[PDB]
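Asker: The file below is query.cif, mmCIF, C-alpha atoms:
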```cif
data_structure
loop_
_atom_site.group_PDB
_atom_site.id
_atom_site.type_symbol
_atom_site.label_atom_id
_atom_site.label_comp_id
_atom_site.auth_asym_id
_atom_site.auth_seq_id
_atom_site.Cartn_x
_atom_site.Cartn_y
_atom_site.Cartn_z
ATOM 1 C CA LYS M 1 2.155 39.698 -7.254
ATOM 2 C CA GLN M 2 -0.436 42.221 -6.020
ATOM 3 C CA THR M 3 -0.698 40.027 -2.946
ATOM 4 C CA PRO M 4 -2.117 42.492 -0.349
ATOM 5 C CA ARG M 5 -4.889 43.495 -2.758
ATOM 6 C CA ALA M 6 -5.745 39.822 -3.241
ATOM 7 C CA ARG M 7 -5.737 39.299 0.532
ATOM 8 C CA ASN M 8 -8.154 42.190 1.056
ATOM 9 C CA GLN M 9 -10.361 41.001 -1.810
ATOM 10 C CA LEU M 10 -10.563 37.476 -0.403
ATOM 11 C CA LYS M 11 -11.284 38.898 3.050
ATOM 12 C CA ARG M 12 -14.247 40.647 1.436
ATOM 13 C CA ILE M 13 -15.274 37.501 -0.469
ATOM 14 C CA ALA M 14 -15.252 35.242 2.597
ATOM 15 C CA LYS M 15 -17.786 37.555 4.261
ATOM 16 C CA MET M 16 -20.523 36.575 1.809
ATOM 17 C CA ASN M 17 -22.270 33.262 2.404
ATOM 18 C CA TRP M 18 -22.040 30.169 0.227
ATOM 19 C CA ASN M 19 -24.733 29.534 -2.384
ATOM 20 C CA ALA M 20 -25.788 26.605 -4.554
ATOM 21 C CA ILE M 21 -24.799 28.232 -7.866
ATOM 22 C CA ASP M 22 -21.240 29.546 -7.300
ATOM 23 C CA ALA M 23 -19.961 26.697 -5.124
ATOM 24 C CA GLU M 24 -16.805 26.040 -7.154
ATOM 25 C CA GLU M 25 -15.941 29.742 -7.297
ATOM 26 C CA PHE M 26 -16.413 29.849 -3.522
ATOM 27 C CA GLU M 27 -14.107 26.858 -3.080
ATOM 28 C CA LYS M 28 -11.424 28.391 -5.298
ATOM 29 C CA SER M 29 -11.695 31.663 -3.372
ATOM 30 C CA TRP M 30 -11.411 29.948 0.010
ATOM 31 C CA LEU M 31 -8.478 27.850 -1.214
ATOM 32 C CA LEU M 32 -6.613 30.914 -2.467
ATOM 33 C CA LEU M 33 -7.269 32.748 0.801
ATOM 34 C CA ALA M 34 -5.939 29.738 2.711
ATOM 35 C CA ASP M 35 -2.882 29.867 0.445
ATOM 36 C CA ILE M 36 -2.346 33.531 1.307
ATOM 37 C CA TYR M 37 -2.787 32.890 5.033
ATOM 38 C CA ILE M 38 -0.373 29.941 5.053
ATOM 39 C CA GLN M 39 2.145 32.087 3.180
ATOM 40 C CA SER M 40 1.679 34.816 5.805
ATOM 41 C CA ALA M 41 1.864 32.192 8.609
ATOM 42 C CA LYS M 42 -1.774 32.756 9.641
ATOM 43 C CA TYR M 43 -2.365 29.085 10.349
ATOM 44 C CA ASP M 44 -5.444 29.524 12.554
ATOM 45 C CA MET M 45 -7.754 31.358 10.156
ATOM 46 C CA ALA M 46 -6.445 29.337 7.205
ATOM 47 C CA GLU M 47 -7.399 26.199 9.128
ATOM 48 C CA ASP M 48 -10.824 27.700 9.822
ATOM 49 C CA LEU M 49 -11.429 28.482 6.148
ATOM 50 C CA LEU M 50 -10.197 25.047 5.076
ATOM 51 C CA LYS M 51 -12.596 23.412 7.533
ATOM 52 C CA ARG M 52 -15.322 25.619 6.055
ATOM 53 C CA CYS M 53 -14.482 24.466 2.527
ATOM 54 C CA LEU M 54 -14.418 20.821 3.605
ATOM 55 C CA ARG M 55 -17.779 21.328 5.317
ATOM 56 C CA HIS M 56 -19.258 22.571 2.048
ATOM 57 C CA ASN M 57 -17.551 19.811 0.021
ATOM 58 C CA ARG M 58 -16.253 16.505 1.362
ATOM 59 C CA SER M 59 -13.928 15.599 -1.529
ATOM 60 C CA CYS M 60 -11.775 18.706 -2.045
ATOM 61 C CA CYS M 61 -8.315 17.205 -2.499
ATOM 62 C CA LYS M 62 -6.480 20.528 -2.227
ATOM 63 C CA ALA M 63 -8.175 21.364 1.079
ATOM 64 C CA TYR M 64 -7.128 18.015 2.543
ATOM 65 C CA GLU M 65 -3.568 18.552 1.313
ATOM 66 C CA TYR M 66 -3.478 21.988 2.952
ATOM 67 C CA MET M 67 -4.793 20.502 6.197
ATOM 68 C CA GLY M 68 -2.112 17.824 6.074
ATOM 69 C CA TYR M 69 0.550 20.487 5.611
ATOM 70 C CA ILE M 70 -0.852 22.474 8.546
ATOM 71 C CA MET M 71 -0.855 19.421 10.809
ATOM 72 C CA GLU M 72 2.710 18.715 9.687
ATOM 73 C CA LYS M 73 3.697 22.232 10.750
ATOM 74 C CA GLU M 74 2.403 21.389 14.244
ATOM 75 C CA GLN M 75 3.816 17.832 14.075
ATOM 76 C CA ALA M 76 0.287 16.396 14.197
ATOM 77 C CA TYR M 77 1.639 13.320 12.448
ATOM 78 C CA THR M 78 -1.551 11.312 12.972
ATOM 79 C CA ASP M 79 -3.843 14.100 11.747
ATOM 80 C CA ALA M 80 -1.430 15.052 8.960
ATOM 81 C CA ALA M 81 -1.245 11.405 7.911
ATOM 82 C CA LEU M 82 -5.042 11.133 7.859
ATOM 83 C CA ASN M 83 -5.454 14.282 5.761
ATOM 84 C CA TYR M 84 -2.667 13.304 3.365
ATOM 85 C CA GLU M 85 -4.187 9.833 3.006
ATOM 86 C CA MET M 86 -7.582 11.324 2.195
ATOM 87 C CA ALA M 87 -6.065 13.673 -0.389
ATOM 88 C CA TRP M 88 -4.031 10.814 -1.870
ATOM 89 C CA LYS M 89 -7.175 8.703 -2.197
ATOM 90 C CA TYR M 90 -9.382 11.396 -3.741
ATOM 91 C CA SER M 91 -6.708 12.499 -6.230
ATOM 92 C CA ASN M 92 -6.602 8.959 -7.686
ATOM 93 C CA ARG M 93 -2.900 8.909 -6.732
ATOM 94 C CA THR M 94 -1.828 11.082 -9.661
ATOM 95 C CA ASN M 95 0.318 13.415 -7.509
ATOM 96 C CA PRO M 96 3.537 11.693 -6.363
ATOM 97 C CA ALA M 97 4.465 14.564 -4.030
ATOM 98 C CA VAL M 98 1.347 13.970 -1.929
ATOM 99 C CA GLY M 99 2.298 10.313 -1.628
ATOM 100 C CA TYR M 100 5.793 11.374 -0.597
ATOM 101 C CA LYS M 101 4.418 13.577 2.173
ATOM 102 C CA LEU M 102 1.996 10.862 3.287
ATOM 103 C CA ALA M 103 4.673 8.163 3.448
ATOM 104 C CA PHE M 104 6.928 10.546 5.366
ATOM 105 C CA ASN M 105 4.141 11.252 7.864
ATOM 106 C CA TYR M 106 3.556 7.522 8.366
ATOM 107 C CA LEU M 107 7.300 7.060 8.880
ATOM 108 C CA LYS M 108 7.458 9.808 11.507
ATOM 109 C CA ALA M 109 4.380 8.391 13.256
ATOM 110 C CA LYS M 110 6.289 5.082 13.584
ATOM 111 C CA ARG M 111 3.860 3.305 11.218
ATOM 112 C CA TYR M 112 6.459 1.577 9.082
ATOM 113 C CA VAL M 113 4.348 -0.894 7.095
ATOM 114 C CA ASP M 114 1.886 1.762 5.921
ATOM 115 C CA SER M 115 4.810 3.980 4.924
ATOM 116 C CA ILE M 116 6.270 1.107 2.898
ATOM 117 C CA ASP M 117 2.887 0.532 1.243
ATOM 118 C CA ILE M 118 2.570 4.186 0.239
ATOM 119 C CA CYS M 119 6.161 4.199 -1.021
ATOM 120 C CA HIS M 120 5.421 1.157 -3.182
ATOM 121 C CA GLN M 121 2.301 2.863 -4.532
ATOM 122 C CA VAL M 122 4.262 6.013 -5.402
ATOM 123 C CA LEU M 123 7.100 4.089 -7.045
ATOM 124 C CA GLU M 124 4.632 2.025 -9.068
ATOM 125 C CA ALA M 125 3.016 5.303 -10.121
ATOM 126 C CA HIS M 126 6.449 6.820 -10.856
ATOM 127 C CA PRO M 127 9.497 4.511 -10.858
ATOM 128 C CA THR M 128 11.786 7.528 -11.337
ATOM 129 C CA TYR M 129 10.462 9.686 -8.470
ATOM 130 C CA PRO M 130 13.633 10.296 -6.439
ATOM 131 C CA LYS M 131 14.292 10.944 -2.737
ATOM 132 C CA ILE M 132 11.797 8.210 -1.817
ATOM 133 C CA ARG M 133 13.894 5.019 -1.941
ATOM 134 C CA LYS M 134 16.381 6.287 0.656
ATOM 135 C CA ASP M 135 14.778 9.163 2.571
ATOM 136 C CA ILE M 136 11.613 7.169 3.311
ATOM 137 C CA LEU M 137 11.542 3.558 2.137
ATOM 138 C CA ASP M 138 15.018 2.530 3.293
ATOM 139 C CA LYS M 139 14.627 4.194 6.694
ATOM 140 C CA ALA M 140 11.231 2.551 7.222
ATOM 141 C CA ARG M 141 12.672 -0.830 6.222
ATOM 142 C CA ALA M 142 15.590 -0.445 8.635
ATOM 143 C CA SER M 143 13.262 0.342 11.562
ATOM 144 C CA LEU M 144 11.036 -2.741 11.347
ATOM 145 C CA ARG M 145 12.822 -4.655 14.117
ATOM 146 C CA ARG O 1 24.762 -32.566 -2.920
ATOM 147 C CA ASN O 2 21.296 -31.891 -4.359
ATOM 148 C CA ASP O 3 19.819 -29.273 -2.028
ATOM 149 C CA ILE O 4 17.558 -26.345 -2.908
ATOM 150 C CA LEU O 5 17.318 -23.129 -0.896
ATOM 151 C CA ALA O 6 14.259 -21.044 -1.691
ATOM 152 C CA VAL O 7 15.098 -17.355 -1.271
ATOM 153 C CA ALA O 8 12.501 -14.589 -0.872
ATOM 154 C CA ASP O 9 14.201 -11.243 -1.522
ATOM 155 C CA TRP O 10 12.923 -7.735 -0.948
ATOM 156 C CA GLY O 11 13.636 -6.923 -4.555
ATOM 157 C CA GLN O 12 10.369 -8.834 -5.019
ATOM 158 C CA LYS O 13 11.713 -12.112 -6.401
ATOM 159 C CA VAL O 14 12.018 -15.739 -5.348
ATOM 160 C CA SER O 15 15.179 -17.603 -6.317
ATOM 161 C CA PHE O 16 16.296 -21.203 -5.870
ATOM 162 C CA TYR O 17 19.966 -21.784 -5.109
ATOM 163 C CA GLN O 18 22.024 -24.944 -4.873
ATOM 164 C CA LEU O 19 24.422 -25.522 -1.999
ATOM 165 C CA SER O 20 27.326 -24.742 -4.364
ATOM 166 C CA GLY O 21 26.059 -21.205 -4.980
ATOM 167 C CA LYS O 22 24.838 -21.904 -8.514
ATOM 168 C CA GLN O 23 21.291 -20.803 -9.225
ATOM 169 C CA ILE O 24 18.487 -23.085 -10.410
ATOM 170 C CA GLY O 25 16.558 -21.600 -13.304
ATOM 171 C CA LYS O 26 15.596 -17.959 -13.519
ATOM 172 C CA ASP O 27 13.982 -15.743 -10.908
ATOM 173 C CA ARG O 28 10.219 -15.451 -10.475
ATOM 174 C CA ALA O 29 9.194 -11.806 -10.663
ATOM 175 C CA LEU O 30 6.800 -10.737 -7.912
ATOM 176 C CA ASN O 31 4.794 -7.537 -7.503
ATOM 177 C CA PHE O 32 4.863 -7.678 -3.693
ATOM 178 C CA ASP O 33 7.470 -7.757 -0.951
ATOM 179 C CA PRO O 34 7.747 -11.328 0.386
ATOM 180 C CA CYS O 35 7.869 -11.883 4.126
ATOM 181 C CA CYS O 36 7.470 -15.669 4.478
ATOM 182 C CA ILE O 37 8.515 -18.611 2.312
ATOM 183 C CA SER O 38 7.953 -22.179 3.458
ATOM 184 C CA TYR O 39 7.065 -25.682 2.316
ATOM 185 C CA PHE O 40 4.562 -28.447 2.919
ATOM 186 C CA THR O 41 5.390 -31.698 4.703
ATOM 187 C CA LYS O 42 7.022 -33.508 1.778
ATOM 188 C CA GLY O 43 8.250 -30.302 0.132
ATOM 189 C CA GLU O 44 5.852 -30.500 -2.812
ATOM 190 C CA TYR O 45 4.324 -26.997 -2.657
ATOM 191 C CA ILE O 46 5.489 -23.578 -1.466
ATOM 192 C CA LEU O 47 3.697 -20.936 0.599
ATOM 193 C CA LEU O 48 4.350 -17.258 -0.081
ATOM 194 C CA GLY O 49 2.997 -14.218 1.745
ATOM 195 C CA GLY O 50 3.990 -10.672 2.511
ATOM 196 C CA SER O 51 3.256 -7.167 1.264
ATOM 197 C CA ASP O 52 0.242 -8.473 -0.609
ATOM 198 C CA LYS O 53 -2.460 -8.963 2.016
ATOM 199 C CA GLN O 54 -2.837 -12.578 0.948
ATOM 200 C CA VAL O 55 -1.129 -15.968 0.893
ATOM 201 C CA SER O 56 -0.362 -17.860 -2.304
ATOM 202 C CA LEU O 57 0.490 -21.463 -3.111
ATOM 203 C CA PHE O 58 3.286 -22.145 -5.593
ATOM 204 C CA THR O 59 4.733 -25.190 -7.269
ATOM 205 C CA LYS O 60 8.154 -26.241 -6.031
ATOM 206 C CA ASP O 61 9.460 -24.657 -9.248
ATOM 207 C CA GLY O 62 7.744 -21.362 -8.366
ATOM 208 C CA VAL O 63 4.730 -21.397 -10.705
ATOM 209 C CA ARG O 64 1.767 -19.776 -8.978
ATOM 210 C CA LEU O 65 -1.115 -22.177 -8.341
ATOM 211 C CA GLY O 66 -3.729 -20.177 -6.452
ATOM 212 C CA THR O 67 -4.692 -18.113 -3.438
ATOM 213 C CA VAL O 68 -4.886 -19.632 0.044
ATOM 214 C CA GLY O 69 -6.313 -16.687 1.958
ATOM 215 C CA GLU O 70 -7.031 -13.000 1.448
ATOM 216 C CA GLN O 71 -6.075 -10.968 4.520
ATOM 217 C CA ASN O 72 -6.337 -7.356 5.679
ATOM 218 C CA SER O 73 -2.643 -6.676 6.385
ATOM 219 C CA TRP O 74 0.864 -7.932 5.706
ATOM 220 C CA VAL O 75 1.298 -11.663 6.244
ATOM 221 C CA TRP O 76 4.403 -11.888 8.428
ATOM 222 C CA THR O 77 4.389 -15.701 8.585
ATOM 223 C CA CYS O 78 2.792 -18.397 6.440
ATOM 224 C CA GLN O 79 3.734 -21.751 7.965
ATOM 225 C CA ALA O 80 1.909 -25.032 7.331
ATOM 226 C CA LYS O 81 0.817 -27.887 9.564
ATOM 227 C CA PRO O 82 3.595 -30.500 9.871
ATOM 228 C CA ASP O 83 1.643 -33.436 8.420
ATOM 229 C CA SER O 84 -1.602 -32.104 6.928
ATOM 230 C CA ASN O 85 -3.026 -29.702 4.360
ATOM 231 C CA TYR O 86 -3.789 -27.178 7.105
ATOM 232 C CA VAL O 87 -2.000 -23.830 6.938
ATOM 233 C CA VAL O 88 -1.869 -21.030 9.499
ATOM 234 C CA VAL O 89 -1.434 -17.362 8.602
ATOM 235 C CA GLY O 90 -0.487 -14.619 11.057
ATOM 236 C CA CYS O 91 -0.628 -11.021 9.889
ATOM 237 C CA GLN O 92 0.310 -7.617 11.261
ATOM 238 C CA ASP O 93 -3.300 -6.879 12.226
ATOM 239 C CA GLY O 94 -2.909 -9.660 14.791
ATOM 240 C CA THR O 95 -5.242 -11.954 12.869
ATOM 241 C CA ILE O 96 -4.453 -15.673 12.881
ATOM 242 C CA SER O 97 -6.313 -17.798 10.343
ATOM 243 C CA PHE O 98 -6.293 -21.587 10.003
ATOM 244 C CA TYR O 99 -7.189 -22.783 6.513
ATOM 245 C CA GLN O 100 -7.704 -26.344 5.329
ATOM 246 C CA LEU O 101 -6.487 -26.707 1.749
ATOM 247 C CA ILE O 102 -8.635 -28.924 -0.481
ATOM 248 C CA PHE O 103 -7.502 -30.083 -3.924
ATOM 249 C CA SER O 104 -10.164 -30.913 -6.496
ATOM 250 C CA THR O 105 -9.904 -34.129 -8.490
ATOM 251 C CA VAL O 106 -9.464 -33.219 -12.164
ATOM 252 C CA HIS O 107 -9.769 -36.275 -14.369
ATOM 253 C CA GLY O 108 -11.381 -37.875 -17.367
ATOM 254 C CA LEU O 109 -11.994 -41.451 -18.406
ATOM 255 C CA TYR O 110 -12.888 -43.041 -21.732
ATOM 256 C CA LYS O 111 -13.364 -46.817 -21.766
ATOM 257 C CA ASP O 112 -9.876 -48.165 -21.034
ATOM 258 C CA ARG O 113 -8.011 -44.848 -20.654
ATOM 259 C CA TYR O 114 -7.930 -42.613 -17.579
ATOM 260 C CA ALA O 115 -6.227 -39.215 -17.443
ATOM 261 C CA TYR O 116 -5.794 -37.391 -14.147
ATOM 262 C CA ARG O 117 -3.960 -34.394 -12.720
ATOM 263 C CA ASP O 118 -0.679 -35.205 -10.965
ATOM 264 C CA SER O 119 1.396 -32.713 -8.951
ATOM 265 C CA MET O 120 -1.056 -29.940 -9.961
ATOM 266 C CA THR O 121 0.809 -29.329 -13.241
ATOM 267 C CA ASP O 122 1.148 -32.718 -14.982
ATOM 268 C CA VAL O 123 -1.341 -34.975 -16.754
ATOM 269 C CA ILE O 124 -0.999 -38.730 -16.244
#
```
What would you get if you wrote out this structure as structure tokens?

Answerer:
Amino acid sequence: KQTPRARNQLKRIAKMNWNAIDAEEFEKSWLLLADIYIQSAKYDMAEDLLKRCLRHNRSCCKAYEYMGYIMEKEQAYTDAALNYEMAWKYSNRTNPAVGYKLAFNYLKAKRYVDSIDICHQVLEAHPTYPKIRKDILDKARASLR
Amino acid sequence: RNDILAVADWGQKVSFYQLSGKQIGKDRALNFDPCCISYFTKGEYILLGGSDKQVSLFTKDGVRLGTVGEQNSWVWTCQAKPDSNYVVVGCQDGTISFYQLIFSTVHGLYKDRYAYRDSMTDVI
């Protein structure tokens, strides 16, 4: 919980340029700094750093999840849905919460069939995962016609 | 009265009910949400589509026989031509596909005996 010290340290770290030997350390550093920024409501620079991390690696699931959350905060339901879908795909659908967010974003974007598909995928992955049958699946089913 | 209603639920099952409310046999467990159940001209086979991006042919008892078409979205309707083997499939992507179903002759003959496939599940 020495959060300001971590923020200053990651500000220092982000100044140095990426290299071919410490790529994963760089990605962890950028991810943690994005975490700190999102916690402090600094969405702009967190978005910038996340785009940087995705530029240096095109299959960082956590970065895509963070981007989806950011686009949700701005109600960018299409962009949030795209990012959440990418994270859901690259994680090999082992994180039911990501599927929950993705199905919710499809539902809000009025894409009912895709929301139902993602809900079915999540429930097949976890039949006991609650708050998905009613909060998402039932509402999507009721809005088909 | 001997009438059969085929029922495609969104609990992912297909049931067959008599007009008196009694059920015929057990349910047929499905792993997809059905959206269309129908029949051929003489009611010999059943067509089933839906959450699976494909259309399947079933015996009138509900035993799966094979795949008619593999689509790219939910099949919202899976009707069949009134007096032919042709089937038409309309999906959410807007695609409409017109298949002609062809059944292969499966038979053997030895001298004075001839076995063939009848009703896709029986041997005569």

Asker: Between CA of residue 137 (chain M) and CA of residue 115 (chain M), what is the spacing in Å?

Answerer: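 Result for CA of residue 115 (chain M) versus CA of residue 137 (chain M): 7.3 Å, one decimal.
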
Asker: Show which residues sit within 12 Å of residue 55 (chain O), as a ChimeraX atom specification. Count only C-alpha atoms, and ignore same-chain residues fewer than 3 positions away.

Answerer: /O:32,34-38,46-52,58,64-80,87-91,97-99

Asker: Output the residue selection produced by the PyMOL selection byres ((chain M and resi 126-129) around 10) on the file above, formatted as a PyMOL selection string.

Answerer: chain M and resi 94-97+100+120-125+130-133

Asker: Find the residues near residue 48 (chain M): any atom within 12 Å, counting all atoms listed in the file, skip ones fewer than 4 places away on the same chain, and give them as a PyMOL selection string.

Answerer: chain M and resi 14+30-31+33-34+37-38+42-44+52-55+63+66-67+70

Asker: Can you measure CA of residue 104 (chain M) to CA of residue 136 (chain M) for me? One decimal in Å is fine.

Answerer: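 According to the coordinates, CA of residue 104 (chain M) and CA of residue 136 (chain M) are separated by 6.1 Å.
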
Asker: For a quick check of understanding, using all atoms listed in the file, which of O:33, O:119, O:124, O:41 has the smallest distance to residue 59 (chain O)?

Answerer: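 Of all the options, O:119 lies closest to residue 59 (chain O).
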
Asker: Please provide as a list in words all residues within 9 Å of residue 5 (chain O), with the sequence filter that same-chain residues fewer than 3 positions apart are discarded (counting all atoms listed in the file).

Answerer: residues 15, 16, 17, 18 and 19 of chain O

Asker: Please enumerate the residues selected by the PyMOL selection byres ((chain M) within 9 of (chain O)) when evaluated against the supplied file, formatted as a PyMOL selection string.

Answerer: chain M and resi 113+116-117+120

Asker: Using only C-alpha atoms, can you tell me which of M:74, M:25, M:35, M:135 comes closest to residue 62 (chain M)?

Answerer: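 Result for the nearest residue to residue 62 (chain M): M:35.
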
Asker: When you look at residue 111 (chain M) with a cut-off of 10 Å (counting only C-alpha atoms), what residues show up, excluding the ones that are within fewer than 5 positions of it in the same chain? I need them as a VMD selection string.

Answerer: chain M and resid 78 103 to 106 116 140 143 to 144

Asker: What residues come out when you apply the PyMOL selection byres ((chain M and resi 56) around 10) to this file, written as a PyMOL selection string?

Answerer: chain M and resi 18-19+23+26-27+50-55+57-60

Asker: Could you state the separation of CA of residue 80 (chain M) and CA of residue 102 (chain M) in Å, given to one decimal place?

Answerer: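 Answer for the CA of residue 80 (chain M) to CA of residue 102 (chain M) separation: 7.8 Å.
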
Asker: Using only C-alpha atoms, can you tell me which of O:11, O:94, O:43, O:82 comes closest to residue 60 (chain O)?

Answerer: O:43

Asker: Name all residues at most 12 Å from residue 114 (chain O) (count all atoms listed in the file; drop same-chain ones fewer than 6 positions away) and give them as a count of residues only.

Answerer: 5

Asker: Compare M:88, M:112, M:77, M:69 by their minimum atom-to-atom distance to residue 46 (chain M), counting all atoms listed in the file, and give me the closest one.

Answerer: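 The closest residue to residue 46 (chain M) is M:69.
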
Asker: Could you check the closest approach to residue 61 (chain O) for each of O:93, O:3, O:44, O:118 and tell me which residue wins, using all atoms listed in the file?

Answerer: O:44

Asker: Nearest residue to residue 109 (chain M) out of M:73, M:79, M:5, M:32, using only C-alpha atoms?

Answerer: M:79

Asker: If you keep N, CA and C atoms, can you output region 78-98 of chain O as a PDB file, in the first residue's frame?

Answerer:
```pdb
ATOM      1  N   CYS O  78     -36.006 -23.100 -40.816  1.00  0.00           N
ATOM      2  CA  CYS O  78     -35.424 -24.273 -41.460  1.00  0.00           C
ATOM      3  C   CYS O  78     -36.491 -25.068 -42.207  1.00  0.00           C
ATOM      4  N   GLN O  79     -37.333 -24.379 -42.971  1.00  0.00           N
ATOM      5  CA  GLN O  79     -38.432 -25.047 -43.654  1.00  0.00           C
ATOM      6  C   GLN O  79     -37.906 -25.945 -44.773  1.00  0.00           C
ATOM      7  N   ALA O  80     -38.820 -26.695 -45.387  1.00  0.00           N
ATOM      8  CA  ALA O  80     -38.489 -27.624 -46.457  1.00  0.00           C
ATOM      9  C   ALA O  80     -39.485 -27.460 -47.594  1.00  0.00           C
ATOM     10  N   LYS O  81     -39.040 -27.782 -48.804  1.00  0.00           N
ATOM     11  CA  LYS O  81     -39.898 -27.631 -49.970  1.00  0.00           C
ATOM     12  C   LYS O  81     -41.120 -28.536 -49.831  1.00  0.00           C
ATOM     13  N   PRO O  82     -42.301 -28.083 -50.263  1.00  0.00           N
ATOM     14  CA  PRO O  82     -43.529 -28.838 -49.967  1.00  0.00           C
ATOM     15  C   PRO O  82     -43.552 -30.257 -50.508  1.00  0.00           C
ATOM     16  N   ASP O  83     -42.917 -30.529 -51.650  1.00  0.00           N
ATOM     17  CA  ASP O  83     -43.023 -31.861 -52.234  1.00  0.00           C
ATOM     18  C   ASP O  83     -41.700 -32.352 -52.810  1.00  0.00           C
ATOM     19  N   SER O  84     -40.577 -31.974 -52.208  1.00  0.00           N
ATOM     20  CA  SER O  84     -39.279 -32.394 -52.712  1.00  0.00           C
ATOM     21  C   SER O  84     -38.310 -32.523 -51.546  1.00  0.00           C
ATOM     22  N   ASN O  85     -37.089 -32.949 -51.860  1.00  0.00           N
ATOM     23  CA  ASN O  85     -36.025 -33.048 -50.873  1.00  0.00           C
ATOM     24  C   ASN O  85     -35.323 -31.721 -50.636  1.00  0.00           C
ATOM     25  N   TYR O  86     -35.706 -30.674 -51.359  1.00  0.00           N
ATOM     26  CA  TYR O  86     -35.078 -29.374 -51.191  1.00  0.00           C
ATOM     27  C   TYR O  86     -35.451 -28.759 -49.851  1.00  0.00           C
ATOM     28  N   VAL O  87     -34.477 -28.112 -49.223  1.00  0.00           N
ATOM     29  CA  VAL O  87     -34.678 -27.394 -47.973  1.00  0.00           C
ATOM     30  C   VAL O  87     -34.091 -26.003 -48.131  1.00  0.00           C
ATOM     31  N   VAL O  88     -34.671 -25.041 -47.422  1.00  0.00           N
ATOM     32  CA  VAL O  88     -34.221 -23.658 -47.476  1.00  0.00           C
ATOM     33  C   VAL O  88     -33.963 -23.177 -46.057  1.00  0.00           C
ATOM     34  N   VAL O  89     -32.831 -22.511 -45.862  1.00  0.00           N
ATOM     35  CA  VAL O  89     -32.344 -22.129 -44.546  1.00  0.00           C
ATOM     36  C   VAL O  89     -32.063 -20.636 -44.560  1.00  0.00           C
ATOM     37  N   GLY O  90     -32.740 -19.896 -43.688  1.00  0.00           N
ATOM     38  CA  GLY O  90     -32.515 -18.472 -43.521  1.00  0.00           C
ATOM     39  C   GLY O  90     -31.958 -18.194 -42.134  1.00  0.00           C
ATOM     40  N   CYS O  91     -30.850 -17.467 -42.096  1.00  0.00           N
ATOM     41  CA  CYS O  91     -30.131 -17.229 -40.858  1.00  0.00           C
ATOM     42  C   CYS O  91     -30.108 -15.739 -40.539  1.00  0.00           C
ATOM     43  N   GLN O  92     -29.571 -15.417 -39.359  1.00  0.00           N
ATOM     44  CA  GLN O  92     -29.575 -14.033 -38.901  1.00  0.00           C
ATOM     45  C   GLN O  92     -28.650 -13.156 -39.731  1.00  0.00           C
ATOM     46  N   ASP O  93     -27.597 -13.737 -40.304  1.00  0.00           N
ATOM     47  CA  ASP O  93     -26.711 -12.991 -41.187  1.00  0.00           C
ATOM     48  C   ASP O  93     -27.417 -12.500 -42.442  1.00  0.00           C
ATOM     49  N   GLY O  94     -28.655 -12.923 -42.675  1.00  0.00           N
ATOM     50  CA  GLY O  94     -29.355 -12.619 -43.896  1.00  0.00           C
ATOM     51  C   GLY O  94     -29.170 -13.645 -44.984  1.00  0.00           C
ATOM     52  N   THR O  95     -28.290 -14.618 -44.779  1.00  0.00           N
ATOM     53  CA  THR O  95     -28.054 -15.646 -45.779  1.00  0.00           C
ATOM     54  C   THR O  95     -29.277 -16.537 -45.939  1.00  0.00           C
ATOM     55  N   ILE O  96     -29.598 -16.861 -47.187  1.00  0.00           N
ATOM     56  CA  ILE O  96     -30.603 -17.851 -47.536  1.00  0.00           C
ATOM     57  C   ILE O  96     -29.915 -18.891 -48.402  1.00  0.00           C
ATOM     58  N   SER O  97     -30.027 -20.154 -48.013  1.00  0.00           N
ATOM     59  CA  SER O  97     -29.369 -21.243 -48.717  1.00  0.00           C
ATOM     60  C   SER O  97     -30.387 -22.310 -49.083  1.00  0.00           C
ATOM     61  N   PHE O  98     -30.270 -22.844 -50.293  1.00  0.00           N
ATOM     62  CA  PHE O  98     -31.233 -23.806 -50.821  1.00  0.00           C
ATOM     63  C   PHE O  98     -30.495 -25.106 -51.114  1.00  0.00           C
TER      64      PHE O  98
END
```
